[PDB]
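Protein chains: 2
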Amino acid sequence: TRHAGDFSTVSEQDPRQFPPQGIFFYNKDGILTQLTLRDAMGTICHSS
Amino acid sequence: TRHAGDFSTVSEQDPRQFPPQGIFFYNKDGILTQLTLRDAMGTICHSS
């Protein structure tokens, strides 16, 4: 982390250390959308 | 460290303090390439 104390929480285990599962980006109109790992279920949970 | 708390790692042992074994730089096109110690094998692991 670039500086000590950034994005701190009040838990006992900082949730940022756990591996990521989604990704955030902006829509056509500047709207925050998300895309997690279960969206790939229609691709990796197939007979192929 | 110019400022106490910079590049703070949550781990118990700061990996920044060990001796370095590589070096980073930029390509012709501005792409981050690396050059590690094991690349000197063809030179220092010779018969000469």
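So the sequences go chain by chain: Q and P.
For the first sequence, the positions run 435 to 482 when the authors' numbering is used.
For the second sequence, the positions run 435 to 482 when the authors' numbering is used.
By construction, the Cβ of each residue, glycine as well, lies at the ideal position given by its N, Cα and C atoms.
Item                                                                                                       : Value
Minimum Cβ-Cβ distance from residue 443 (chain Q) to chain P less than 7 Å                                 : no
Backbone CA spacing between residue 451 (chain Q) and residue 460 (chain P) [nearest angstrom]             : 29 Å
Any C-beta of chain Q under 7 Å from that of residue 439 (chain P)                                         : yes
Residues that residue 468 (chain P) bridges to, as DSSP identifies them                                    : P:458
Between the CA atoms of residue 468 (chain P) and residue 444 (chain Q) - distance to the nearest angstrom : 38 Å
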